[PDB]
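What follows is one structure encoded as structure tokens, with my remarks underneath.
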Amino acid sequence: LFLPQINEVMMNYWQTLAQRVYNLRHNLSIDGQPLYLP
Amino acid sequence: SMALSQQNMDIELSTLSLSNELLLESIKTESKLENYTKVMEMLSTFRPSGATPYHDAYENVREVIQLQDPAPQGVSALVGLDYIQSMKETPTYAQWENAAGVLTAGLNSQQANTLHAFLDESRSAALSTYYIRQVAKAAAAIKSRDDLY
Amino acid sequence: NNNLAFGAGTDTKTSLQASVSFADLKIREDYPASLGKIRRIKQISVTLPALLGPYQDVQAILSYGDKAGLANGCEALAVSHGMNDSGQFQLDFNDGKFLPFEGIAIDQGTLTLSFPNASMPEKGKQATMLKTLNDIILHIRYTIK
Amino acid sequence: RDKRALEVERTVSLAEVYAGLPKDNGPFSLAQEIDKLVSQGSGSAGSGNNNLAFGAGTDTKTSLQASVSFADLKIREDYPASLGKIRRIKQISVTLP
Amino acid sequence: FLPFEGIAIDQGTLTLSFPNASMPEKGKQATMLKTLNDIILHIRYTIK
């Protein structure tokens, strides 16, 4: 009997939220491309 | 009987070897030999009417020779037989086994590959053909080597 | 806004990013005023005089750090060739397609340029050349409308 | 769904590729190796996917074929990630100095 | 499309074949292939 896989995409939600937010706190915009905003 | 060990799912075997194992086992199934080396030694030793008469270890040692244009111990194994002088010494396939094996154990990795190449190919040819003429059950029409595949 | 810093992004802790405010290029004063009040970039090319040896290509990109327009306000220009180049393979005007940065008012905004894999202590492919490169030349073409 | 996709151009030399291989894959000088192979009848260098071998096709027993895995060009690491996850060849040119 | 346009830059394998190389069986390119130093490949891969 063989064990199931980890189901990325649903985790992909977590790590993509962590990514977005990290990019907000560090002022990095939507990609890592940095921004200098007014 | 196959094992689902990860080892079986990763390490990349040259095929035409896995097959060769299949054929050695299918051969040993009949006549109940004491080891595979008795199947290649024995069957490959004297088996007339086809290329099957060819011996395996003779191919493994002649492949060492293939390795060089022309420890002294191994030289006492190859001089232990007599291909170019004294006809054929007729050493037993045992002394062939130690001779060829010793001669390879001191041989390079890439040339070890190509010797698995030629060795495995020819050994596949003989084991195939012999599996055709005998050990192939007459119930399945078998005939050509492809229909064996 | 003019600093030369290392990058804070997840990827690009090593990438060295060198950012230039436009408001300090005072491009509005390289002509009279009243000749054209709206002044807007046609494109930007980058020259990285340096010894990049055969066979090696510089790696860098040009963000833009503020809100203008174009595509999501995000258009990189990936500097590779290193000599007087743009992110386009075969560059041509009148193509039908906007060139990256076309439309940026030449006052507002911030222009940053990032060499990836710069920092030497954590081994980096561009550390050497980036030691060798003298300075950055940017060729701006801005049509005065 | 179509955004302007930033173009990168990256030279790669095969000498460096084959030399840079880990020992298990049998890294090798390209010049010496090639000259050996043409000098003799056959032989190869290199790992299974990076090797430089002679061809096994009916035509091309003589044709010398030198094969480079991409996974060892590590092109994904010549830029940050997250800059673009999909990275796709525009074309390939070859220079044979 | 240009040839190879669309290849992901990880997966795959890239091979390059000089015909008529091997000298023992006489071959038009044996000589030059002795002389050629090494191969340079210029890849242009658009990051989307």
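Going through the structure tokens in order, the chains are called A, B, and so on, while each chain numbers its residues from 1 and the ligands are numbered from 1 in the order shown.
When the distance limit is 12 Å and only C-alpha atoms are what count, the residues near residue C:128, minus those fewer than 3 positions from it on the same chain, are residues 50, 51, 52, 53, 56, 58, 115, 117, 118, 119, 120, 121, 123, 124, 125, 131, 132 and 133 of chain C.
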Write down, as a list in words, each residue of chain D that has any atom within 10 Å of an atom of chain B, counting only C-alpha atoms.
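Here they are: residues 26, 43, 44, 45 and 46 of chain D.
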Residues of the last selection are to be written out with N, CA, C and O atoms, as an mmCIF file, in the first residue's frame.
data_model
loop_
_atom_site.group_PDB
_atom_site.id
_atom_site.type_symbol
_atom_site.label_atom_id
_atom_site.label_comp_id
_atom_site.auth_asym_id
_atom_site.auth_seq_id
_atom_site.Cartn_x
_atom_site.Cartn_y
_atom_site.Cartn_z
ATOM 1 N N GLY D 26 33.293 12.156 -14.750
ATOM 2 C CA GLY D 26 34.479 12.076 -15.566
ATOM 3 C C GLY D 26 34.760 13.314 -16.389
ATOM 4 O O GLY D 26 34.862 13.255 -17.616
ATOM 5 N N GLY D 43 35.452 5.441 -28.756
ATOM 6 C CA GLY D 43 35.742 5.889 -27.414
ATOM 7 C C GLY D 43 34.844 7.030 -27.019
ATOM 8 O O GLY D 43 34.296 7.753 -27.849
ATOM 9 N N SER D 44 34.638 7.172 -25.721
ATOM 10 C CA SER D 44 33.970 8.371 -25.263
ATOM 11 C C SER D 44 34.621 8.902 -24.004
ATOM 12 O O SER D 44 35.526 8.298 -23.431
ATOM 13 N N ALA D 45 34.118 10.052 -23.583
ATOM 14 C CA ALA D 45 34.380 10.645 -22.292
ATOM 15 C C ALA D 45 33.051 10.816 -21.584
ATOM 16 O O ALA D 45 32.010 10.374 -22.066
ATOM 17 N N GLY D 46 33.092 11.450 -20.429
ATOM 18 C CA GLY D 46 31.903 12.076 -19.909
ATOM 19 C C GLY D 46 30.889 11.111 -19.341
ATOM 20 O O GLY D 46 30.887 9.910 -19.593
#
Within 6 Å of residue E:45 using only C-alpha atoms, minus same-chain residues under 5 positions, as a PyMOL selection string:
chain D and resi 8+88-90
Pull the alpha helix (DSSP H) assignments for chain D out of DSSP run on the backbone, and list those residues as a PyMOL selection string.
chain D and resi 14-20+30-39
With only C-alpha atoms as the counted atoms, please give the residues lying no more than 6 Å from residue E:22, apart from itself and same-chain residues fewer than 5 positions off, as a list in words.
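Final neighbour list, sorted by chain and number: residues 38, 41 and 62 of chain D; 27 and 30 of chain E.
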I'd like the neighbourhood of residue E:10 as a ChimeraX atom specification, where a residue qualifies if any of its atoms comes within 10 Å (using only C-alpha atoms), though same-chain residues fewer than 2 positions away should be ignored.
/D:69-76,87-88 /E:7-8,12-13
Let's have the selection written as an mmCIF file, in the first residue's frame, with N, CA, C and O atoms.
data_model
loop_
_atom_site.group_PDB
_atom_site.id
_atom_site.type_symbol
_atom_site.label_atom_id
_atom_site.label_comp_id
_atom_site.auth_asym_id
_atom_site.auth_seq_id
_atom_site.Cartn_x
_atom_site.Cartn_y
_atom_site.Cartn_z
ATOM 1 N N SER D 69 23.941 17.926 -21.446
ATOM 2 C CA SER D 69 22.745 18.105 -20.644
ATOM 3 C C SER D 69 22.619 19.571 -20.296
ATOM 4 O O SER D 69 23.624 20.215 -20.015
ATOM 5 N N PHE D 70 21.395 20.096 -20.287
ATOM 6 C CA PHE D 70 21.227 21.451 -19.776
ATOM 7 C C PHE D 70 21.287 21.499 -18.269
ATOM 8 O O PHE D 70 21.790 22.472 -17.699
ATOM 9 N N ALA D 71 20.771 20.471 -17.607
ATOM 10 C CA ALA D 71 20.638 20.515 -16.161
ATOM 11 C C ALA D 71 21.967 20.812 -15.494
ATOM 12 O O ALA D 71 22.010 21.209 -14.327
ATOM 13 N N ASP D 72 23.065 20.619 -16.213
ATOM 14 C CA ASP D 72 24.372 20.997 -15.712
ATOM 15 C C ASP D 72 24.846 22.352 -16.212
ATOM 16 O O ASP D 72 25.981 22.729 -15.916
ATOM 17 N N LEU D 73 24.038 23.084 -16.976
ATOM 18 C CA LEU D 73 24.411 24.458 -17.288
ATOM 19 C C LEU D 73 23.955 25.404 -16.201
ATOM 20 O O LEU D 73 24.401 26.552 -16.155
ATOM 21 N N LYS D 74 23.063 24.940 -15.338
ATOM 22 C CA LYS D 74 22.582 25.710 -14.203
ATOM 23 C C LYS D 74 22.223 27.123 -14.626
ATOM 24 O O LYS D 74 22.502 28.100 -13.939
ATOM 25 N N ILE D 75 21.618 27.226 -15.802
ATOM 26 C CA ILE D 75 21.199 28.532 -16.270
ATOM 27 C C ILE D 75 20.172 29.158 -15.341
ATOM 28 O O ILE D 75 20.105 30.385 -15.243
ATOM 29 N N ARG D 76 19.376 28.355 -14.638
ATOM 30 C CA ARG D 76 18.427 28.937 -13.703
ATOM 31 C C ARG D 76 19.112 29.745 -12.625
ATOM 32 O O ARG D 76 18.459 30.570 -11.985
ATOM 33 N N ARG D 87 11.380 30.139 -18.068
ATOM 34 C CA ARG D 87 12.550 30.610 -18.792
ATOM 35 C C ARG D 87 12.743 29.710 -19.992
ATOM 36 O O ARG D 87 12.875 28.497 -19.831
ATOM 37 N N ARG D 88 12.761 30.284 -21.186
ATOM 38 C CA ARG D 88 12.592 29.497 -22.395
ATOM 39 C C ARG D 88 13.433 30.037 -23.529
ATOM 40 O O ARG D 88 13.409 31.234 -23.808
ATOM 41 N N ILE E 7 12.053 25.741 -25.633
ATOM 42 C CA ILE E 7 12.591 24.696 -24.788
ATOM 43 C C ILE E 7 12.799 25.267 -23.400
ATOM 44 O O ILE E 7 13.503 26.268 -23.226
ATOM 45 N N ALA E 8 12.175 24.660 -22.407
ATOM 46 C CA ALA E 8 12.529 25.007 -21.046
ATOM 47 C C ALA E 8 14.020 24.789 -20.880
ATOM 48 O O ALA E 8 14.589 23.878 -21.474
ATOM 49 N N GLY E 12 15.763 18.550 -20.802
ATOM 50 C CA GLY E 12 16.256 18.365 -22.147
ATOM 51 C C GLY E 12 17.728 18.009 -22.178
ATOM 52 O O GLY E 12 18.411 17.931 -21.158
ATOM 53 N N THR E 13 18.189 17.753 -23.394
ATOM 54 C CA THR E 13 19.571 17.416 -23.667
ATOM 55 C C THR E 13 19.923 17.952 -25.037
ATOM 56 O O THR E 13 19.109 17.891 -25.958
#
Contact table chain E vs chain C, cut-off 12 Å, shortest pair per residue, only C-alpha atoms, as CSV:
residue,atom,partner,partner_atom,distance
E:38,CA,C:55,CA,11.5
E:39,CA,C:55,CA,10.8
E:40,CA,C:55,CA,7.9
E:41,CA,C:55,CA,9.7
E:42,CA,C:55,CA,9.6
E:43,CA,C:57,CA,11.0
E:44,CA,C:89,CA,8.5
E:45,CA,C:89,CA,10.3
E:46,CA,C:78,CA,9.5
E:47,CA,C:78,CA,9.3
E:48,CA,C:76,CA,10.6
Could the residues in this selection be saved with C-alpha atoms as a PDB file, in the first residue's frame?
ATOM      1  CA  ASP E  38      36.231  24.158 -28.243  1.00  0.00           C
ATOM      2  CA  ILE E  39      32.588  24.860 -28.845  1.00  0.00           C
ATOM      3  CA  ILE E  40      30.844  28.071 -27.869  1.00  0.00           C
ATOM      4  CA  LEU E  41      27.045  28.100 -27.765  1.00  0.00           C
ATOM      5  CA  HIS E  42      25.140  31.366 -27.573  1.00  0.00           C
ATOM      6  CA  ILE E  43      21.780  30.837 -25.953  1.00  0.00           C
ATOM      7  CA  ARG E  44      19.125  33.475 -25.989  1.00  0.00           C
ATOM      8  CA  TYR E  45      16.437  32.587 -23.544  1.00  0.00           C
ATOM      9  CA  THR E  46      13.650  35.035 -22.865  1.00  0.00           C
ATOM     10  CA  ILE E  47      12.608  35.024 -19.245  1.00  0.00           C
ATOM     11  CA  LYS E  48       8.869  35.362 -19.301  1.00  0.00           C
TER      12      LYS E  48
END
So that I can see what lies close to stretch 14-17 of chain B, please list as a PDB file with N, CA and C atoms, in the first residue's frame the residues with an atom at most 12 Å from it, counting only C-alpha atoms and leaving out residues fewer than 4 positions away in the same chain.
ATOM      1  N   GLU B  21      20.120 -11.759 -17.314  1.00  0.00           N
ATOM      2  CA  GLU B  21      19.768 -12.451 -16.087  1.00  0.00           C
ATOM      3  C   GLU B  21      18.543 -13.319 -16.297  1.00  0.00           C
ATOM      4  N   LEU B  22      17.520 -12.775 -16.958  1.00  0.00           N
ATOM      5  CA  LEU B  22      16.326 -13.566 -17.234  1.00  0.00           C
ATOM      6  C   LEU B  22      16.674 -14.848 -17.963  1.00  0.00           C
ATOM      7  N   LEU B  23      17.580 -14.764 -18.925  1.00  0.00           N
ATOM      8  CA  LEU B  23      17.888 -15.930 -19.730  1.00  0.00           C
ATOM      9  C   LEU B  23      18.730 -16.922 -18.953  1.00  0.00           C
ATOM     10  N   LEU B  24      19.704 -16.445 -18.179  1.00  0.00           N
ATOM     11  CA  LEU B  24      20.447 -17.366 -17.327  1.00  0.00           C
ATOM     12  C   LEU B  24      19.515 -18.116 -16.387  1.00  0.00           C
ATOM     13  N   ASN B 113      33.321  -0.284 -18.819  1.00  0.00           N
ATOM     14  CA  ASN B 113      32.045  -0.068 -19.484  1.00  0.00           C
ATOM     15  C   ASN B 113      32.016  -0.769 -20.828  1.00  0.00           C
ATOM     16  N   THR B 114      32.942  -0.423 -21.726  1.00  0.00           N
ATOM     17  CA  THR B 114      32.860  -0.980 -23.075  1.00  0.00           C
ATOM     18  C   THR B 114      32.980  -2.500 -23.070  1.00  0.00           C
ATOM     19  N   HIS B 116      31.682  -4.391 -20.592  1.00  0.00           N
ATOM     20  CA  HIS B 116      30.289  -4.744 -20.354  1.00  0.00           C
ATOM     21  C   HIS B 116      29.477  -4.614 -21.636  1.00  0.00           C
ATOM     22  N   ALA B 117      29.816  -3.644 -22.478  1.00  0.00           N
ATOM     23  CA  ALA B 117      29.104  -3.487 -23.736  1.00  0.00           C
ATOM     24  C   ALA B 117      29.230  -4.740 -24.589  1.00  0.00           C
ATOM     25  N   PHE B 118      30.426  -4.977 -25.128  1.00  0.00           N
ATOM     26  CA  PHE B 118      30.626  -6.095 -26.046  1.00  0.00           C
ATOM     27  C   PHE B 118      30.289  -7.421 -25.381  1.00  0.00           C
ATOM     28  N   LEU B 119      30.731  -7.588 -24.136  1.00  0.00           N
ATOM     29  CA  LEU B 119      30.448  -8.790 -23.364  1.00  0.00           C
ATOM     30  C   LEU B 119      28.946  -9.033 -23.258  1.00  0.00           C
ATOM     31  N   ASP B 120      28.207  -8.014 -22.819  1.00  0.00           N
ATOM     32  CA  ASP B 120      26.771  -8.169 -22.616  1.00  0.00           C
ATOM     33  C   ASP B 120      26.053  -8.424 -23.928  1.00  0.00           C
ATOM     34  N   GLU B 121      26.492  -7.770 -24.995  1.00  0.00           N
ATOM     35  CA  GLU B 121      25.881  -7.988 -26.296  1.00  0.00           C
ATOM     36  C   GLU B 121      26.043  -9.433 -26.739  1.00  0.00           C
ATOM     37  N   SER B 122      27.284  -9.909 -26.798  1.00  0.00           N
ATOM     38  CA  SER B 122      27.505 -11.262 -27.282  1.00  0.00           C
ATOM     39  C   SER B 122      26.816 -12.268 -26.378  1.00  0.00           C
ATOM     40  N   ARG B 123      26.969 -12.101 -25.065  1.00  0.00           N
ATOM     41  CA  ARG B 123      26.328 -13.004 -24.124  1.00  0.00           C
ATOM     42  C   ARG B 123      24.825 -13.031 -24.349  1.00  0.00           C
ATOM     43  N   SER B 124      24.245 -11.886 -24.709  1.00  0.00           N
ATOM     44  CA  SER B 124      22.835 -11.859 -25.062  1.00  0.00           C
ATOM     45  C   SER B 124      22.567 -12.654 -26.325  1.00  0.00           C
ATOM     46  N   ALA B 125      23.468 -12.564 -27.303  1.00  0.00           N
ATOM     47  CA  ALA B 125      23.282 -13.300 -28.546  1.00  0.00           C
ATOM     48  C   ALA B 125      23.243 -14.800 -28.284  1.00  0.00           C
ATOM     49  N   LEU B 127      22.937 -16.514 -25.293  1.00  0.00           N
ATOM     50  CA  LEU B 127      21.862 -16.933 -24.401  1.00  0.00           C
ATOM     51  C   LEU B 127      20.520 -16.909 -25.115  1.00  0.00           C
ATOM     52  N   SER B 128      20.300 -15.894 -25.949  1.00  0.00           N
ATOM     53  CA  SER B 128      19.097 -15.865 -26.769  1.00  0.00           C
ATOM     54  C   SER B 128      18.999 -17.108 -27.635  1.00  0.00           C
ATOM     55  N   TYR B 149      11.669 -12.170 -28.082  1.00  0.00           N
ATOM     56  CA  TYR B 149      11.387 -10.879 -27.458  1.00  0.00           C
ATOM     57  C   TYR B 149       9.908 -10.719 -27.173  1.00  0.00           C
TER      58      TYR B 149
ATOM     59  N   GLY D  48      26.858   9.842 -18.553  1.00  0.00           N
ATOM     60  CA  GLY D  48      25.915   9.350 -19.528  1.00  0.00           C
ATOM     61  C   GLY D  48      25.237  10.433 -20.333  1.00  0.00           C
TER      62      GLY D  48
END
Residues of chain D within 10 Å of chain C: nearest atom pair and distance (Å, one decimal) for each, counting only C-alpha atoms, sorted by chain and number, as a tab-separated table?
residue	atom	partner	partner_atom	distance
D:3	CA	C:71	CA	7.3
D:4	CA	C:75	CA	7.6
D:5	CA	C:76	CA	8.5
D:6	CA	C:78	CA	5.9
D:7	CA	C:87	CA	5.6
D:8	CA	C:78	CA	6.0
D:9	CA	C:80	CA	6.0
D:10	CA	C:57	CA	6.1
D:11	CA	C:56	CA	6.3
D:12	CA	C:55	CA	7.3
D:13	CA	C:55	CA	7.1
D:77	CA	C:117	CA	8.6
D:78	CA	C:116	CA	7.3
D:79	CA	C:116	CA	5.8
D:80	CA	C:11	CA	5.3
D:81	CA	C:11	CA	5.8
D:82	CA	C:11	CA	6.9
D:83	CA	C:11	CA	8.6
D:90	CA	C:89	CA	9.5
Running DSSP on the backbone, which parts of chain D land in strand (DSSP E), as a PyMOL selection string?
chain D and resi 7-13+52-54+64-69+87-95
Excluding stretch 45-49 of chain C and any residue of its chain fewer than 6 positions from it, enumerate the residues within 6 Å of it, using only C-alpha atoms, and give them as number ranges by chain.
C: 82-86, 136-139
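Atom CA of residue B:75 to atom CA of residue B:44 spans 24.5 Å [interatomic distance, one decimal].
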The distance between atom CA of residue A:18 and atom CA of residue A:38 is 24.7 Å
